[PDB]
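> this one is an experimental structure. Sequence first:
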Amino acid sequence: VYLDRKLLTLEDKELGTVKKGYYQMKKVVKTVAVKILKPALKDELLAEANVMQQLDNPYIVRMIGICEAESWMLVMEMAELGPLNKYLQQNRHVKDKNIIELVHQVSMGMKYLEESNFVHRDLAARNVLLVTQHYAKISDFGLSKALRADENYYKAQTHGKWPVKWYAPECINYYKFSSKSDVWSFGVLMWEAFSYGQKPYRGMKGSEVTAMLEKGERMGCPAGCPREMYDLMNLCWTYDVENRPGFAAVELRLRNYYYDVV
Ligand SMILES: Cn1cc(-c2cc3cccnc3[nH]2)c2cc(C(=O)NC(C)(C)CO)ccc21
């Protein structure tokens, strides 16, 4: 998986650092996006590549390799439309059925990740990348973890900077992350998508979000959002781990409703 720096051209125009680039392959160039560094963070990038290396699914961003140069670089195939949130912000015209299509795709990718016993831990509309307006992939495995064969959750020892507004109660309270907590995260993602890329819990501190959730309160239905899709968000936001559905159940719900609506 170790790539030749000579065969990689980087634009100095920053995407997000993530940079666009071109990599001369078997016979053709391939358009790639490149995650670039700058002891502790070296191992994290290499772990993230180690995660990606092991995944093979149409709805997951595919890694080309790693590259030691000016710094450590992670080289992935480019999804050129960028993050789903920014896209929807700039494209209010997208029909509900198109958003339904896209979130279902994310759930198949997440069902695959659940079957493979990996936890994403950063599932948000910002880490959903569009290849085309009708093709989404999950990205950014920086926080992801392979689950031990004997356990269904990963336990963090003390938090870092966490995307708290996407995190399930059990993650906040007990530092426990399972595919069910990704399911809660997916709910917030669905909210973000049907709100055309708006920020969740606008203006609130994470601590205030935790307090709100503990009171049984949830975000309201987004303008125009199919009622069944809002119902699915709420099922995803089941406070109790044991009664929140897994992705197998979420995907099936999404698949059935999608096929019903087309
Ligand atoms: C047009 N476009 C394409 C991408 C993009 C990044 C990327 C990474 C891997 C594969 N495909 C990708 N496509 C992108 C990212 C961003 C972007 O803002 N990325 C952040 C800062 C959230 C990453 O932390 C903005 C625009 C983009």
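Received it, and whenever you're ready, just let me know what you need. Residues are numbered from 1 along each chain as shown.
> so residue 229 touches residue 97, yeah?
No - contact between residue 229 and residue 97 fails when scored by C-beta atoms under 8 Å: they sit 10.8 Å apart. (Each C-beta comes from the backbone N, C-alpha and C, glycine too.)
> which of those two has more neighbours?
With neighbours defined as other C-beta atoms under 10 Å, residue 229 and residue 97 compare such that residue 229 has more, 23 against 12.
> in the helix or strand hosting that one, what's buried?
Here residue 229, judged by DSSP states H and E, is contained in helix 227-236. Using 16 or more other C-beta atoms under 10 Å as the test for burial, helix 227-236 gives 229, 230, 232, 233, 235, 236.
> again with stretch 235-255
Neighbour count says stretch 235-255 has 235-238, 241, 244-247, 250-251, 253-254 buried, by 16+ other C-beta under 10 Å.
> now, which of those lie within helices?
Using DSSP state H, 235, 236, 247, 250, 251, 253, 254 are the members of the buried residues of stretch 235-255 that sit in helices.
> quick one, phi psi at residue 75?
Main-chain dihedrals, residue 75, degrees, to the nearest 10: phi -110, psi 120.
> what sits against residue 112?
For residue 112, the contact set (C-beta atoms under 8 Å, 6 or more residues apart in numbering) comprises 55, 57, 59, 60.
> what about the helix or strand hosting it and the ligand, any contact?
Using DSSP H and E, residue 112 sits within helix 96-115. No - applying C-beta under 6 Å from any ligand atom, one finds helix 96-115 separated from the ligand by no less than 13.8 Å.
> neighbours of residue 225, how many?
18.
> before we move on, the earlier item: would you point out the most distant pair within the contacts of residue 112?
Farthest-apart pair in the contacts of residue 112 is 55 and 59; separation 10.2 Å (C-beta to C-beta).
> hmm, back to that, tell me the two of the buried residues of stretch 235-255 that are most distant?
241 and 254 (20.5 Å).
> now the helix or strand where residue 256 lies, how far from the centre of its chain.
Secondary structure assignment for residue 256, by DSSP H and E: helix 247-261. Taking C-alpha atoms, centre = their mean, to the nearest Å, one finds helix 247-261 lying 19 Å from the centre of the chain it belongs to.
> quick one: it to helix 227-236, angle?
180 degrees (axes from the mean of the first three to the mean of the last three C-alpha atoms, to 10 degrees).
> list the contacts of the residue of the stretch 151-262 of the chain found nearest the ligand.
Here the residue of the stretch 151-262 of the chain nearest the ligand is residue 163; by C-beta to the nearest ligand atom that distance is 11.4 Å. Residues near residue 163 by C-beta under 8 Å, 6+ apart: 122, 124.
> please report how far it lies from residue 123.
From residue 163 across to residue 123, the span is 9 Å (C-beta to C-beta, to the nearest Å).
> gap between the closest residue to the ligand within the chain and residue 35?
Scanning the chain for the residue nearest the ligand gives residue 16, at 2.3 Å (criterion: C-beta to the nearest ligand atom). Separation of residue 16 from residue 35 (C-beta to C-beta) stands at 10 Å.
> between these two, which is the more surrounded one?
More neighbours surround residue 35 than the other of residue 16 and residue 35, with 22 against 11 (other C-beta under 10 Å).
> thought residue 219 was touching residue 200?
Yes - the criterion here is C-beta under 8 Å, and residue 219 meets it with residue 200 at 6.4 Å.
> can you pull the residues of the stretch 101-250 of the chain lying near the ligand?
126, 129, 139.
> contact partners for residue 159?
residue 175.
> give me the buried subset of the residues of the stretch 101-250 of the chain next to the ligand.
Of those, these count as buried by 16+ other C-beta under 10 Å: 126, 129, 139.
> contacts only, for the nearest residue to the second one once chain neighbours are set aside.
Pointing back at residue 129 there. Once flanking residues are discounted, residue 129 sits nearest to residue 79: 3.6 Å by C-beta to C-beta, 6 or more residues apart in numbering. Each residue near residue 79 by C-beta under 8 Å, 6+ apart is listed here: 33, 61, 129, 130, 131, 137, 139.
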